[PDB]
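# sequence unknown, structure follows:
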RNA sequence: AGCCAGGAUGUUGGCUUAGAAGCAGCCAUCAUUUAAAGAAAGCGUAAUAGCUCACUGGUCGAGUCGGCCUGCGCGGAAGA
Ligand SMILES: [Mg+2]
Ligand SMILES: [Mg+2]
Ligand SMILES: [Mg+2]
Ligand SMILES: [Mg+2]
Ligand SMILES: [Zn+2]
């Protein structure tokens, strides 16, 4: 599971998830999995999609993860009242906004990349589409 | 040698640009050269079917606006975040 | 892949050899053998040459467009599989003889070895002079 | 040498050694022979040959595919194609740990109208996890 | 009557006549027995493939006899005997795929121009050349 | 048959039909590819 | 779309050569032979047989074939 090696603070405010994404372009690889929807993706989901792509496409090829969790989400224990401090951290989530490219891939044919990204998207909570580089 | 048809915009702003993009046109600009910038509106579907080609971005384009052609080249393009739609195209003259 | 211009060019290219040589041929698609017909057609090509038009483009309108420049009687549609055995070496060459013999063997039917000839009226083969 | 089972095709060659030329006790040399054999096996790391016999089956010429498919689902090989006037004779090579109750299966797949005989042909290598199981059941 | 009528590819290439015991018992469809095993191949299986690859068509006939025009000298035999190393596919690109040589091709062209010819004797010669080169590697020639 | 909430053509012989509004997959190749609801 | 036909004879592949079969695994190998040979589809794929991945020639006279975006609909949808 992806997670920051070190973090300045253990806990983080919930915050909102407004706006569109800044990683809108296919930068590293040739193909990419853009986000059409909005939401959170935990490290478990990101890693599950990574298993999916890596096993679907051949071992050959290069895969980039454009998204990192870097957000500590907390849960209160079960059967516990409200208050008495903030809940302890349980998992890490990458906030996604429409247009964020999540993964990129290179060294692969068009159709095989499409199949791998379809299998990956089957593992993710948000709507995702398939994109390719463009000149400039 | 790609040729595009453009009309000079009347109103400029957030609302006007949104109205254009709802009306299937979209804003664009031609700056550079020895004269002032020109804000135009472009037919979105034609521009997409034309710019799908990679040569649209290295070839010299001719934008016919109010009867006169301008020889220009696409500098930058604002793409919609999660849809195949262009939001704005910059053209440097020549 | 018989496009408009591609088919026009192919019809002309097929008519060229036929008009340069003796009568062409025909091989309907009814019954062939795995090796009896394969080796027979191989030997037919070897005797005839490497330029026989084994392909078929004998549509009525296609022939009326390309072949019908001269001897329009051949423009009639040969509604069956067509394989043409070019015969440069004389009139009714060894390829023609092979098609005539295979009309009743080694193939479904040779369409009576109809072919096309400039006279277009001598039903008899190239044996005008008895001698 | 391995799991209490015998060996074939080994050939021994005492090339060198040492002794005293007064009393070369055969019983005392047997300990040296045993240790030499043990070290030799340890350095050889040789493997086991299962008992594979030749089975010759006569079956009608309608269940040939079924019977040879059964013999192939079994980890067995085939040898020779023949067509009798009143049937077909298949020959195969099969282990002994396997083909336990092969007659009932043959009868099931041939309507009880096929016979087989066995003659214990020369062995062959076979990957079986039981060969080490039988010896490792007793530790080391 | 019918040529072969059962094309079961479980017959030894050249070598001993009727090598079924090595060929495998998974080809019981053919009616090959002691009568048709060496009816003609015994006396006509030495001048075509002597230690060289040559698949043989049985050509069994339903007319209560076995008779037909047997295959000419094989290309797999000629190009293998005139190359030295009969290697080929399976290890085609990673190692030697046997020598494909103009000498073997010309020998095939000159010798096998009797029966096994396609669109020409030279055409079957080019066939043997392709069968030699397509194995994965060819020598300088 | 299969009443899965997502029915697909599992081979070339499958056909999509819309009997009674329901979307079914009918196979003339082998019966395991029969599905019920879109 | 529907109705008339073709896929070898160098090729149990030169082959993981005791073949794994003109369509097991296999490397990759138009193999000129062409209305075609892929050394691969349900068949038997361990094997032919007769239908036959594919693809074409003929048959018949006007739309045809699919992808992308979008509006409204369908299933997914079970409680006292
Ligand atoms: Mg506003
Ligand atoms: Mg719905
Ligand atoms: Mg409902
Ligand atoms: Mg219910
Ligand atoms: Zn199905």
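Nice, I can see it. Residues are numbered from 1 along each chain as shown, chains lettered A, B, ... in the order given. Ligands and ions are numbered 1, 2, ... in the order given.
# for the spatially most central residue of chain B, which residues make a bridge with it?
Nearest to the geometric centre of chain B sits residue B:28, at 3.8 Å (Cα atoms, centre = their mean). Per DSSP bridges, the residues bridged to residue B:28 are residue B:40, residue B:89.
# Quick check: it touching residue B:90?
Yes. Residue B:28 lies in contact with residue B:90 (Cβ atoms under 8 Å); the separation is 7.5 Å. For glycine as for every other residue, the C-beta is placed from the backbone atoms N, C-alpha and C.
# before we move on, back to that, next, work out how far apart the residue nearest to the centre of chain B and RNA strand G are.
Distance from residue B:28 to RNA strand G, counting by Cβ to the nearest atom of the strand, to the nearest Å: 20 Å.
# who touches that residue in this structure?
Residue B:28 is in contact with B:6, B:39, B:40, B:41, B:42, B:88, B:89, B:90, B:91, counting by Cβ atoms under 8 Å, 6 or more residues apart in numbering or on different chains.
# That one and residue B:9, how far apart?
9 Å (Cβ to Cβ, to the nearest Å).
# anything in contact with each of those two?
Shared contacts of residue B:28 and residue B:9, defined by Cβ under 8 Å, 6+ apart, comprise B:39, B:40, B:41.
# can you pick the most crowded of those residues?
residue B:40 (23 neighbours; other Cβ atoms under 10 Å in any protein chain shown).
# In the lengthiest strand in chain A, which of the residues would be classed as buried?
Longest strand of chain A, by residue count under DSSP state E: strand A:89-96. Neighbour counts using 16 or more other Cβ atoms under 10 Å in any protein chain shown place A:89, A:91, A:92, A:93, A:94, A:95, A:96 of strand A:89-96 among the buried residues.
# so residue D:134 makes contact with residue D:3?
Yes. With contact defined as Cβ under 8 Å, residue D:134 reaches residue D:3; the gap is 5.3 Å.
# so how far is the longest strand seen in chain B off the chain centroid?
If you go by DSSP E, chain B has its longest strand at strand B:68-79. The chain centre lies 6 Å from the centre of strand B:68-79; the measure is Cα atoms, centre = their mean, to the nearest Å.
# cool, and stretch A:5-15?
That offset, for stretch A:5-15, works out to 18 Å (Cα atoms, centre = their mean).
# Same question for stretch E:39-48.
13 Å.
# Spatially nearest residue to the residue nearest to the spatial centre of chain F (excluding sequence neighbours)?
The residue lying closest to the centre of chain F (Cα atoms, centre = their mean) is residue F:25, at 1.4 Å. Residue nearest to residue F:25 in three dimensions, not counting chain neighbours: residue F:35, with 3.9 Å by Cβ to Cβ, 6 or more residues apart in numbering or on different chains.
# Distance check, the residue nearest to the centre of chain F against residue F:9.
On the measure of Cβ to Cβ, residue F:25 and residue F:9 end up 6 Å apart.
# mind listing the strands for the chain?
Going with chain A. Using DSSP E, strands in chain A cover A:31-35, A:39-42, A:62-65, A:72-74, A:89-96, A:101-106, A:128-132.
# not what I meant, chain D
D:49-50, D:52-59, D:77-81, D:88-95, D:115-118, D:124-125.
# As CSV, these with distance to residue A:14 and mean neighbour count would be great.
Listed next are those as CSV, based on distance: least, Cβ to Cβ, whole Å; neighbours: other Cβ atoms under 10 Å in any protein chain shown:
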stretch, distance to residue A:14, mean neighbour count
strand D:49-50, 67, 16
strand D:52-59, 70, 20
strand D:77-81, 68, 20
strand D:88-95, 66, 20
strand D:115-118, 76, 14
strand D:124-125, 65, 11
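# Which one, of those strands, ends up nearest to residue C:5?
Closest of those to residue C:5 is strand D:77-81, at 56.6 Å (criterion: Cβ to Cβ).
# Give the pairing partners of that closest one; include direction for each.
strand D:88-95 (antiparallel).
# gap between the partner strand and the chain center?
Worked out by Cα atoms, centre = their mean, strand D:88-95 lies 15 Å from the chain centre.
# gap between the residue lying closest to residue F:27 once chain neighbours are set aside and residue F:16?
Nearest non-adjacent residue to residue F:27, counting by Cβ to Cβ, 6+ apart: residue F:33, 3.6 Å away. Between residue F:33 and residue F:16 the distance is 12 Å, computed by Cβ to Cβ.
# same question, residue E:128
Taking Cβ to Cβ, one finds residue E:128 at 51 Å from residue F:16.
# Settle it for me: which of the two has more neighbours?
Higher neighbour count among residue E:128 and residue F:16: residue E:128, with 26 against 13, using other Cβ under 10 Å.
# Tell me who's in contact with the more buried one.
Contacts of residue E:128 (Cβ under 8 Å, 6+ apart): E:75, E:78, E:79, E:104, E:105, E:108, E:109, E:112.
# For ChimeraX, write the selection for the buried entries among these.
What follows is the ChimeraX syntax for the buried subset of the contacts of residue E:128, where burial is set by 16+ other Cβ under 10 Å:
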select /E:75,78,79,104,105,108,109,112
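# Now do the shared contacts for residue F:33 and residue F:16.
F:9, F:25.
# Would you mark the buried spots in stretch B:51-69?
B:51, B:56, B:61, B:63, B:65.
# Give me the residues contacting stretch A:74-81.
With Cβ under 8 Å, 6+ apart, stretch A:74-81 has contacts from A:11, A:82, A:86, A:87, A:88, A:89, A:90.
# change it to 6 Å
Outside stretch A:74-81, the residues that touch it by Cβ atoms under 6 Å, 6 or more residues apart in numbering or on different chains are A:87, A:88, A:89, A:90.
# what's the closest of those residues to ligand 5?
Nearest to ligand 5 among these is residue A:90, at 44.4 Å by Cβ to the ion.
# tell me the contacts of residue E:49?
E:14, E:74, E:77.
# Name the SS class of it, please.
coil (DSSP: H, G, I helix; E, B strand; the rest coil).
# Skipping adjacent residues, who's closest to it in space?
Using Cβ to Cβ, 6+ apart, the closest residue to residue E:49 is residue E:14 (3.3 Å).
# which residue does chain F bring closest to chain D?
residue F:30 (19.5 Å; Cβ to the nearest Cβ).
# Counting neighbours, what do you get for that residue?
By other Cβ under 10 Å, 10 other residues sit near residue F:30.
# Chain C against RNA strand G: which residues are in contact?
C:2, C:27-35, C:37-39, C:41-42, C:44-45, C:50, C:54-60, C:62, C:77-83, C:107-108 (Cβ under 7 Å from any atom of the strand).
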